[PDB]
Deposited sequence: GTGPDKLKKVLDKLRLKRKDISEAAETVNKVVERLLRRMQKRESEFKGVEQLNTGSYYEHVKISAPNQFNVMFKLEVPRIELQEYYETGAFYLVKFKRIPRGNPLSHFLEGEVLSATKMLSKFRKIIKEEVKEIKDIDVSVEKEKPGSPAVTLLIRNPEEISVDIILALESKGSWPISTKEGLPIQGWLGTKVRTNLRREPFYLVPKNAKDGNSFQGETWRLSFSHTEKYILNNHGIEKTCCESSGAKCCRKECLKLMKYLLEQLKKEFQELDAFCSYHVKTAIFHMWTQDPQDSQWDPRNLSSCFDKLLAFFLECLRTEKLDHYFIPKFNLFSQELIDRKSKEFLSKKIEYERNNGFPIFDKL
């Protein structure tokens, strides 16, 4: 009932060292070769540095090591941003210059830069004979260049081109990241001293803010006590709750295409808010994993029904606004969550 059953699900979700080892060896080979090709010659992307992000590098990837996220980030000095129609997250970017090939009268085209980035990667991937690796068909309005690796087992790698700016963060984030009562003001001041990132979303010239680096730090430094989850401190169940929520969404999403609008970033955003609401490490005791997961489920259901889930970093941006996800989709997911909740999570046994 309480602690158990969910501990059994977590056992299923745990990655195996052997799988991790084989997956990481291939992924690192491909990524380091693509990073090297970016440094060659008159490449506009010379200087890009690598930044590993997403669930695998936060240690909340579940089931298999089959999806990796890596940012190829390019420091770009004197830039001026114009917010795209008070949306908070989307921007136009303006200013001998290797990026002039993508300029458009002051304005740096996102899809032109991404196309050349994409073109380079496809070419370098053709020269790989070690590995069975190809490039996925492009999704319109997607920042990523996704590699598909057959190791025999299947592995996705989303390479995200990112602009790196070191100025202070855009005003729309000033009230975001409300970690003052949880990680504190010094951590917040230091995190906002780090660069911010822009990824390719006036349709084709817009960029979107990314905070994958800040999210990575928070996930690996998630406690009010510095010793949380350390070898001389107490274990918490924050990440374990994130895993169970991720797994509930993944299971439901591979069954019902009604849920196409939903994604793991909604789960990640919601639990960041829960962690803020419940800052104390004792509110995430491993013994109370059932209650901790249940109160996360209830908070997510409230967000669905009230149609309100604010971006953790950009408070005026509501990821559940009617313009992004239709009410019926949200009602559909509310019922499937409430059902799983009241019937012993039968979907955790599925497959």
Which deposited-sequence positions, grouped into ranges, are missing C-alpha coordinates?
1, 97-101, 208-214
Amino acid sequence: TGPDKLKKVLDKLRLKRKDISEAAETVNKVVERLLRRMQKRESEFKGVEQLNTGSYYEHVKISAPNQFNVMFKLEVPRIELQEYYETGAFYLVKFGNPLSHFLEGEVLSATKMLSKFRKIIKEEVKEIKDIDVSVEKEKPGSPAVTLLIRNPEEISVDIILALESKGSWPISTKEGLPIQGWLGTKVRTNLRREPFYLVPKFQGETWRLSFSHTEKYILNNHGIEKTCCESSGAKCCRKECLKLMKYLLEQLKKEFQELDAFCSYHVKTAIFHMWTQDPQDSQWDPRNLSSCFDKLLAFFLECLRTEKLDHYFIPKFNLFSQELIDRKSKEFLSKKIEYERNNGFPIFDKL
From here on, numbers count along this sequence of modelled residues.
Which of 109-117 and 225-233 has higher mean CA B factor, as the PDB entry lists it:
109-117
Which has the higher mean CA temperature factor in the PDB entry, 165-173 or 77-85?
77-85
Out of 129, 213, 238, 273, which shows the largest CA B-factor listed in the entry?
129
Options 191, 267, 209, 99 - largest CA temperature factor per the record:
99
Just say lowest, middle or highest third for the CA B-factor of residue 136 relative to the other modelled residues in its chain.
middle
Give the position of residue 309 by CA B-factor within its chain, expressed as the lowest, middle or highest third.
middle
Among the modelled residues of its chain, does the C-alpha B-factor of residue 254 lie in the lowest, middle or highest third?
middle
Taking the values exactly as deposited, rank residue 292 by C-alpha B-factor within its chain and report the matching third: lowest, middle or highest.
middle
Can you tell me whether residue 260 has a C-alpha B-factor in the lowest, middle or highest third compared with the other modelled residues of the same chain?
middle
